[PDB]
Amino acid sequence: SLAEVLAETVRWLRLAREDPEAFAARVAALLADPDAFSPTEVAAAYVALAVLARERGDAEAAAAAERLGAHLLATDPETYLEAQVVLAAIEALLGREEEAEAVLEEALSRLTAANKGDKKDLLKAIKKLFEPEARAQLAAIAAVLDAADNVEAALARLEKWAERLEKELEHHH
């Protein structure tokens, strides 16, 4: 579930801050054998690593997130899509709307080119961000990121992004 990925992303991000050595050891473990961990855990580690890459300029986290994302795309496309939507929400939360939309577009393009997902999957996944269970966890992410004042406007921007996509989908039929 989307909200479980968010909840677990809170735990990964707090671990990176509060015990970086245990963060590094568990990431090495997931990179060595991601299939030994639950899909939610792999997706959350991907998101935390992608956030470290983008927000701290962490080259190793960047390459590690790329490997985990690739693995999720190849083996569990629905979890891949959830991971990308959560990453997009967090970038939007941080005020990086262009980056958030590029993440969604990359996710869409990888999913369709692999014949594992489509525009309707993306729309459905984005809208799961707005449910209460997911909103509670994004509030937790926002506490982690000192971005509480931007939760609503970030989700509103994503909703209009999804709305325009859905309208083009409708017009195209």
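From 1 onward, residues are counted along the sequence shown.
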| property | result |
| --- | --- |
| Average Cα temperature factor in the PDB entry - higher stretch of 115-123, 139-147 | 139-147 |
| Mean Cα B-factor comparison, 103-111 or 50-58, giving the higher one as deposited | 50-58 |
| Chain-relative CA temperature factor third for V27 | middle |
| Position of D33 among the chain's modelled residues by C-alpha B-factor, lowest, middle or highest third | lowest |
| Third assignment of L158 from its chain's C-alpha B-factors | lowest |
| Where the record places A134 (Cα B-factor, split into thirds across the chain) | highest |
